[PDB]
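One chain comes next, on its own, written as structure tokens: the form deposited in one PDB entry.
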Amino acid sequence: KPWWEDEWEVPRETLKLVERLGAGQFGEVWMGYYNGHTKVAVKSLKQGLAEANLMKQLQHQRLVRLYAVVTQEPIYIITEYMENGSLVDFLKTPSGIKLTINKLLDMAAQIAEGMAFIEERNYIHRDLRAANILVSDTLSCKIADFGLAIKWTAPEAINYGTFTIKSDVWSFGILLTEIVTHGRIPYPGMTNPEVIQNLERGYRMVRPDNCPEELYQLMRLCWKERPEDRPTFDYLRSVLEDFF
């Protein structure tokens, strides 16, 4: 209505979905094109939005950038498209398999920086993991959420569905293992029911081979049983950035 308002819409006609990147209970994720020549990522939401405003308000160097939206259902949320894809997938590429722990921790630092912002803005991610992290053109990390829906979930969240930023901290610790191992799934050779049963007895993932004991203690801080005992993301970023 007002002349100064940002117009974030585009006609559905201007989009061409080319390759489905993922599918979930609430929709799909595609690689496509806007107006014939601008490559973009599109999240189609199964009909039968607050996400876009959220993305706009979390606009940050460390979070995926919102481009536009299609107002009529199926609702579309358009963003920048990342050639390098998700962190988990990129860590398994030749380029990624070769990254030194120094570079890997810089990426962890970037992630911590973004979560520190999310914490600043009082939001809660709820699905933090390498799979939801996008790698930019310059190999930097950008927080995202596209599972469209566990080994990454805090005990309190598993047992009582109580999610807070401290729960995100737990997930972050798990993410660190994915990072140092170049994409190994957490709890190697352990099924979800086995993970929950071991957590019932205070189990914690063993330190990965090649993971410095110092980094491992950081992880252990993230997995403290009491949510309140876990560190802040501002702390985590600080330690990771000044790690070496």
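Take the two forms, find the largest set of C-alpha atoms that superpose within 1.5 Å, and that set is the rigid core. Counting begins at 1, following the sequence as shown.
Unshown form deposited in another entry; subsequent notes refer to it.
- Relative to the superposed core, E120 undergoes a Cα shift smaller than 2 Å between the shown form and the other one.
- Comparing the forms between the shown form and the other one, the C-alpha position of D229 differs by less than 2 angstroms, with the core used for superposition.
- For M205, a C-alpha deviation below 2 angstroms is recorded between the shown form and the other one after rigid-core alignment.
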